[PDB]
Structure formats: C-alpha cells, structure tokens
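Q: Sequence, then structure. It's an experimental one.
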Amino acid sequence: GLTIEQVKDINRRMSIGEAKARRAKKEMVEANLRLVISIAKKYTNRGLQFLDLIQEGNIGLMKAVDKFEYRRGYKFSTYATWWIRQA
DNA sequence: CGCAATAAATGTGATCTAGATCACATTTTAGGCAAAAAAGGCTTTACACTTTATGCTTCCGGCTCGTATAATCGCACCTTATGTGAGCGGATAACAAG
C-alpha cells in the first residue's frame, strides 16, 4: 500500500541505526569472553562436550548485551551471566 | 560172468494207533432285517466379538518458567618416574662456487 520509491526510504535508514548499534556491541561480546569460560566449569562432564558448552554461553552474552540498560542499578557482569547459565 | 565197497534199498510180522465208513438227531453256522446308538448333516435362533466414536474425569506422567543466592577468589598433603627402533620433515652447520 506504499509507493515503490518511498518504501525504500523506510528500510534504508533502518540499516543505519542497526549498524551503529551492532558494531558498538561487538566490543562487549569480545572483551567479555573470559566470563563465559568462568561459569563453564559447572556444566562440564555431563552429556555435552566442552567445545559445544561455550556455544550456549556466547549466544547468551550477545542477548543480555542487547537487553542491557546502563541506566539501571544492576551492573553488566551480573545481569549478563544470568542468560548465559540459562542457555 | 564174478568181484569191490560205500550207499541205498530189503525183509521181517506181532503191536498199537491212524483214518475211514455209514443214517439220523443235535447243535452251529451264515446273512438277513429293524432298533438303538452315533456321525455329520443342514437348518433356525441365543448371544459375544473386538472395535471404535467419544468425552469426561482423576491420576501419573512429562516439560518448562522465573526466583533466590553468592560470586567475578584461596593451602598442604599424598606417592613415581613406559619401551624402542624405524621413517619422516624441518632447522642448522659446513661446504664449494661466484
């Protein structure tokens, strides 16, 4: 129900906001890889290998960083490790 | 015709069974025909099969969610110590050529 010319304008500016945020979150999911292996000692030999253990650990950190609020009393080193041990 | 010698054939005749007779009265035999007891026949009725739609209920079954919590850390102690040679690529030292 939109013009083929203007419909592109809506999406072209969405790739700008998601890009400035994506690259900005690539620095938090790289310097915090030490916390993933830290709590990865509670689910070692059980049924899944260690190589596939930090798999659900890295995906969890990338989820918490997105739903994180710097304007909140709780820090990140505690709020992020919540979704990690959940995956 | 008389003579040889191992096998087969000969007589005896009193004793004791073996096999046969007769005509008529008694006892056995055969297959015959219904009845009873049994085989399957071919009916018509008594019941029983799992199946499958369903939906309602309680109990046991199988699966997740968020929350609450402390942490993102720390010693001293017990007992051993794989086997080799053969095949291979890579790193280093000694060498002749330029």
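A: It's in. Numbers count the residues shown, from 1 in each chain, chains lettered A, B, ... in the order given.
Q: distance between the biggest helix by length in chain A and the chain's centre?
A: If you go by DSSP state H, chain A has its longest helix at helix A:14-25. Averaging C-alpha positions (CA atoms, centre = their mean, to the nearest Å) puts helix A:14-25 13 Å from its chain's average.
Q: List the contacts of it.
A: Helix A:14-25 is contacted by residues A:62, A:65-66 when judged by CB atoms under 8 Å, 6 or more residues apart in numbering. (Each C-beta comes from the backbone N, C-alpha and C, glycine too.)
Q: repeat that for 10 Å
A: Residues outside helix A:14-25 that contact it (CB atoms under 10 Å, 6 or more residues apart in numbering) are A:62, A:65-66, A:68.
Q: Mind giving me the ChimeraX command for buried ones among those residues?
A: Only the buried entries of the contacts of helix A:14-25 go into this ChimeraX selection, using 16 or more other CB atoms under 10 Å:
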select /A:65
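Q: Identify the residues contacting the most centrally placed residue in chain A.
A: The centroid of chain A falls nearest to residue A:62 when counting by CA atoms, centre = their mean (1.1 Å). Listed by CB under 10 Å, 6+ apart, the contact set of residue A:62 reads A:25-26, A:28-29, A:80, A:83-84.
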